[PDB]
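[1] here is my input, please return the structure:
(6 chains)
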Amino acid sequence: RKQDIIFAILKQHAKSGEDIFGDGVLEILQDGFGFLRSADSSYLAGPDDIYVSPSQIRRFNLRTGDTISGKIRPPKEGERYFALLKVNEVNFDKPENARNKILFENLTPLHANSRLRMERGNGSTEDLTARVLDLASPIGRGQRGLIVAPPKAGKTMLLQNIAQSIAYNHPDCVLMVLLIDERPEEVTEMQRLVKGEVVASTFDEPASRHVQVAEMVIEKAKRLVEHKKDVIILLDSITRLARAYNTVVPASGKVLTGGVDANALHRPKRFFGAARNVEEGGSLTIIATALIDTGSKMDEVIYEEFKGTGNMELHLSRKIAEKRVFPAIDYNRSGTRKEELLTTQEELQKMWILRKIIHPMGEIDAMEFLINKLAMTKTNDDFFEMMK
Amino acid sequence: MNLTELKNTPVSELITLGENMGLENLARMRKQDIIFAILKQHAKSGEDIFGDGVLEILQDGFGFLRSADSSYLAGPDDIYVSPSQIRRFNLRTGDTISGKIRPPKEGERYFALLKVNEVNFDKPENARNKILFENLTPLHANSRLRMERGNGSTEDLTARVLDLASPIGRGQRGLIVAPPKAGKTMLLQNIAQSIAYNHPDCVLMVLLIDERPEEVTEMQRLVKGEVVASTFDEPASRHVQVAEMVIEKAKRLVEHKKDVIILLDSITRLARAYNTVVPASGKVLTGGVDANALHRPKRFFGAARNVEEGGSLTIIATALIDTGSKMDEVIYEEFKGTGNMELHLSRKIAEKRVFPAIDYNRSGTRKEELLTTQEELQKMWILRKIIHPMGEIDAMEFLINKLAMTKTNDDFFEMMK
Amino acid sequence: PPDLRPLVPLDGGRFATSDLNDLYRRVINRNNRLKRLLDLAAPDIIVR
DNA sequence: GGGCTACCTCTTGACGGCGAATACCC
DNA sequence: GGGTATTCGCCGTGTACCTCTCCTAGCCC
RNA sequence: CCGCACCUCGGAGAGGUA
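    Numbers count the residues shown, from 1 in each chain, chains lettered A, B, ... in the order given. Okay, here it is:
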């Protein structure tokens, strides 16, 4: 109802002669034209979307994901969308700065160089999760990891803790938590808890909207990276997204074990590998949560295929989660490749000694030891100094 | 007017040149489109344009000239090759063609080839009369390709251990068997650097299929040679196409008495790609391997051979084991009885941070007497008989402590007696 | 309406399309071409 | 051999006779 | 301004029924 | 369908019939 009221108000205001302003993310269709979707509707096709002529797209070399803000006009007799007259701001910047840009496909990838420390530093009991995460698997800019965990392991609490630690330590980073095929109540809870942008697509609509929202989000992330921004995407839907792609892919006659199409894992693997660290400027970090032991062999095949792709695995133990010990992290199975590029020599040596001491002990025993050692102090520096 | 020369030029200079030529705004344009417009404007004046690339004959009969900087990917700037010229010069997939080209006219989308100037970096009169690769007489490794640096560097220890464990010659067909997280990347980097340093005359080609883009751009900026790779973001079809183009180029080079060296790091990934692209036949073996899926990787591996008339083809593939997938285990067990060199790496030694973590016991080379002298072979036999009783970690520590004392292995062998 | 100008159902992938459908397709093609060309601001001769 | 899409070539001829384009004077 | 030579090509093909045939593969890729 | 091995339904043309 609000959209029709705004439409009528804008019409009455344009009848007087005043200017009308709009904003939205561009979604170029296959025919050549596009529309400016809205953020409050999770990039959903609305009746009051702003039409974008192909002439302006050719003039400014606009692509899917470009945030466009400019003057619009109400539709005339025979039109159903707002025509874009003049664009004022492109991607929160002037068009003269966006015209001389380098495409995302030409950026040179690199390994994680900058250290994104997750430790809060306030000495809270909730900071233990971030401390264990930093001790087990340090995360840097451009990291491409996977949160491997069975159902009912603590993915929600761990994701909330990660989001809060990111918003606390690194408020300059653009945090985007894209939740696909999840409960609406959980979406509402997350949106009113984390300090950032929350786009979601619940199961109430088919997988086409899921794929469309995923494409819009990845295009916006690529454009922001092109504009020298540090984008961090926490997509806890990678398994759901792979299921959606396998459901919407045309049959090719080559079905793998478990009901997986031969060309179904192409789009999600490309979405995952899109994350990379750019040397010219900016980075893209994608932390996804994979589902295992869900009773379906399709998810097992998806996990086994995506295991050889990322460079960071955070395994969670079902036993430790059932014992109500959070975070229930499998320290032995966790780790990060090329960790010497994110940690110093002494920090790497301390982590190596801690792993050599923890490995002989059992999972529950190692977790109890780590908790008892971290409870004695507030910062990990005192723990490191006492271990020696 | 060469295509590669304009491809090596930066974006800023090309934009400046295009603006000086008086064309549409090139700032909001792709570099390839800028080069295309510059070539069009330069050909409108009447001047000639030249290009080059590797030929890829299609199934219909025509073909294109792929570029090496794009990993033989389908580009808009590919030079069309009519089947008439193919039938006139007996061209095949892999022949390097360099000749005059022209921009596409109205209704065309690719450059056309008018006159071919150089074939396979040689005169066409020498290429018209040649012996096919399938007719060359194979032979064992005769020439010794020593990997030792000799500069006394600390990184030369890996090359020294490799020479003491498995010497490599021209035409060798080996396998680098190692579980994940063992150090295959550093070992391959050291091998490539030692090959580029000791034998700069050989054509080095590093194939990386289904790997991370960061590792690709790292290897491309580290080794002194050609790097053709295909990240995991590409389908298995592109993997198969790249493998076919690389092996065809290698065969065409060997046909001209050239020493080609191929450092494969994805034999397992290549076999997985071939098993994915093969149509289902309703018969699946143990582990999920098709009956006719391993034939193409089998031929790709067996293509390596030493030619008596001239040239050689060396293929060093790194196989993956203990990856948790039975398919890779079946692939490794099938390819084990095929090659003639196995360099095993131990995960237990890699966990102790003892680099390099090489399993000296299971390593070895068949017909090693053809690449080493009598006294050298006797010293290697004595060293193996001394190392065999000791454990793997203990033998590795002993070898490292004994090689750290001297610079050359000859002094170590002389001190052992 | 489409029922008054239907496609003749015959065996095979080919179809002896009605002349009216062919004319409508040609008109739609020639209209979409002009619609996409008028935004590009083509020279007057081509537009005419 | 093929994708949406574009090139083949010509200023059925008589009429049966009816209304009417440019023309020649009265 | 009008009454009429030539003429550019403007629309009727008896009615009903029966048998048979013809029905796109092109281009630089 | 994931791994063999025991110790406490159409358009044009041709021919014909009344």
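
[2] CA only for contacts and neighbour counts going forward, please
    Noted.

[3] could you measure from the closest residue to residue A:220 other than its chain neighbours over to chain C?
    Spatial nearest neighbour of residue A:220, chain neighbours left out: residue A:65 (4.2 Å); criterion: CA to CA, 6 or more residues apart in numbering or on different chains. Per CA to the nearest CA, to the nearest Å, residue A:65 is found 23 Å from chain C.

[4] you'd agree residue A:27 is up against residue A:43?
    No: with contact defined as CA atoms under 8 Å, residue A:27 does not count as touching residue A:43 (9.1 Å).

[5] what residues are shared contacts of these two?
    A:37, A:216 (CA atoms under 8 Å, 6 or more residues apart in numbering or on different chains).

[6] does residue C:26 belong to a helix or a strand, and which?
    Using DSSP states H and E, residue C:26 sits in helix C:19-39.

[7] so is that helix next to chain A?
    Yes: using CA under 8 Å from any CA of the partner chain, helix C:19-39 reaches chain A at residue C:39.

[8] what comes up buried for the helix or strand following that helix?
    Per DSSP H and E, the first helix or strand lying C-terminal to helix C:19-39 is helix C:44-47. By 16 or more other CA atoms under 10 Å in any protein chain shown, helix C:44-47 has no buried positions at all.

[9] contacts for helix C:44-47?
    Helix C:44-47 has contacts (CA under 8 Å, 6+ apart) with C:34, C:37-38.

[10] again with stretch C:22-41
    With CA under 8 Å, 6+ apart as the test, stretch C:22-41 has contacts from A:53-55, C:47.

[11] okay, which residue is most central for chain C?
    By CA atoms, centre = their mean, chain C has its centre lying nearest to residue C:25, at 1.9 Å.

[12] which element follows the host helix or strand of residue A:164 toward the C-terminus?
    In the assignment (DSSP H and E), residue A:164 maps to helix A:155-169. Downstream of helix A:155-169, the next assigned helix or strand under DSSP H and E is strand A:174-180.

[13] where does the residue of chain C positioned farthest from its centre sit: helix, strand or coil?
    Ranked by distance from the centre of chain C (CA atoms, centre = their mean), the top residue is residue C:11, with 24.7 Å. What DSSP: H, G, I helix; E, B strand; the rest coil gives for residue C:11 is coil.

[14] how close does it sit to DNA strand E?
    11 Å (CA to the nearest atom of the strand, to the nearest Å).

[15] can you name the residues that contact that residue?
    Contacts of residue C:11 by CA under 8 Å, 6+ apart: none found.

[16] how much space between it and residue C:18?
    16 Å (CA to CA, to the nearest Å).

[17] could you do residue A:378 as well?
    For residue A:378, the distance to residue C:18 (CA to CA) stands at 82 Å.

[18] now residue A:223
    For residue A:223, the distance to residue C:18 - CA to CA - is 48 Å.

[19] of those two, give the one with the bigger neighbour count.
    For residue A:223 versus residue C:18, neighbours defined as other CA atoms under 10 Å in any protein chain shown are more numerous around residue A:223 (23 against 12).

[20] secondary structure element holding that one?
    Assigned by DSSP H and E, residue A:223 falls in helix A:207-226.

[21] which other helices and strands does that helix contact?
    The elements that helix A:207-226 packs onto, with contact taken as 3 or more CA pairs under 8 Å, 6 or more residues apart in numbering or on different chains; DSSP states H and E, are strand A:174-180, strand A:197-201, strand A:230-233, helix A:238-248, strand A:283-291.

[22] nearest to residue A:268, of those?
    For these, distance to residue A:268 was read as CA to CA. The smallest value, 5.9 Å, belongs to helix A:238-248.

[23] just the angle for that closest one relative to strand A:174-180, thanks.
    50 degrees (axes from the mean of the first three to the mean of the last three CA atoms, to 10 degrees).

[24] buried residues in helix A:238-248, which are they?
    By neighbour count on 16+ other CA under 10 Å, the buried set for helix A:238-248 is A:238-247.

[25] pull the most distant pair out of these.
    Taking CA to CA, no two of the buried residues of helix A:238-248 sit farther apart than A:238 and A:247, at 14.0 Å.

[26] what's the burial count for the nearest residue to residue A:200 once chain neighbours are set aside?
    Nearest non-adjacent residue to residue A:200, counting by CA to CA, 6+ apart: residue A:179, 4.7 Å away. For residue A:179, the count of nearby residues is 26 (other CA under 10 Å).

[27] isn't residue A:179 right up against residue A:187?
    Yes: using CA under 8 Å, residue A:179 is in contact with residue A:187, at 7.3 Å.

[28] name the residues contacting each of the two.
    In contact with both residue A:179 and residue A:187: residue A:200, using CA under 8 Å, 6+ apart.

[29] still on that earlier bit, can you tell me which of the helices and strands packed on helix A:207-226 is nearest to residue A:152?
    Taking CA to CA, strand A:283-291 is the member of these nearest to residue A:152, at 10.3 Å.

[30] return that closest one as CSV; C-alpha atoms alone will do.
    Taking Å, rounded to 0.1, in the frame of the first residue of the first chain, the C-alpha atoms of strand A:283-291 are listed here in CSV:
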residue,chain,number,x,y,z
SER,A,283,39.5,-7.5,-1.3
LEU,A,284,36.6,-10.0,-1.1
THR,A,285,36.2,-12.4,1.8
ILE,A,286,33.4,-15.1,1.6
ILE,A,287,32.9,-17.2,4.7
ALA,A,288,30.4,-20.0,4.0
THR,A,289,28.9,-22.7,6.2
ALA,A,290,28.6,-26.2,4.6
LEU,A,291,26.2,-28.8,5.9
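
[31] packing partners of the next helix or strand after that strand?
    Downstream of strand A:283-291, the first helix or strand assigned by DSSP H and E is helix A:297-307. When contacts are defined as 3+ CA pairs under 8 Å, 6+ apart, helix A:297-307 sits against helix A:238-248, strand A:283-291.

[32] what pairs with the next helix or strand after the longest one, parallel or antiparallel?
    Following the chain from helix A:238-248 toward its C-terminal end, the next helix or strand by DSSP H and E is strand A:255-256. Sheet pairing here is set by DSSP bridges, and for strand A:255-256 it gives strand A:260-261 (antiparallel).

[33] is RNA strand F contacted by the partner strand?
    No: for strand A:260-261, no contact with RNA strand F is found by CA under 7 Å from any atom of the strand; the gap never falls below 11.5 Å.

[34] if we go by neighbour counts, what in stretch A:45-52 is buried?
    A:48-52.

[35] the closest residue to residue A:297 other than its chain neighbours and residue A:76: what is the separation?
    Spatial nearest neighbour of residue A:297, excluding adjacent residues (CA to CA, 6+ apart): residue A:258 at 5.2 Å. With the distance defined as CA to CA, residue A:258 ends up 53 Å from residue A:76.

[36] for residue A:261, what are its contacts?
    By CA under 8 Å, 6+ apart, residue A:261 lies in contact with A:246, A:249, A:251-252, A:254-255.

[37] do residue A:363 as well
    Contacts of residue A:363 by CA under 8 Å, 6+ apart are A:320, A:330-331.

[38] give me the residues contacting the helix holding residue A:223.
    For helix A:207-226, the surrounding residues in contact (CA under 8 Å, 6+ apart) are A:25, A:27, A:42-44, A:64-67, A:91, A:101-104, A:178, A:180-181, A:200-201, A:230-231, A:241, A:244-245, A:247-248, A:271, A:281-284.

[39] any of those buried? List them.
    The neighbour count (16+ other CA under 10 Å) marks A:25, A:27, A:42-43, A:64-67, A:91, A:104, A:178, A:180-181, A:200-201, A:230-231, A:241, A:244-245, A:247, A:282-284 as buried among the contacts of helix A:207-226.

[40] mind listing what's buried along stretch A:32-42?
    Within stretch A:32-42, the residues that count as buried by 16+ other CA under 10 Å are A:33-38, A:42.

[41] check stretch A:150-157 too.
    Under the neighbour-count criterion of 16+ other CA under 10 Å, stretch A:150-157 has A:150, A:153-155 buried.

[42] how about the helices in chain A?
    A:2-16, A:54-60, A:95-98, A:127-136, A:155-169, A:184-191, A:207-226, A:238-248, A:266-273, A:297-307, A:318-322, A:345-358, A:363-374, A:380-387 (DSSP state H).
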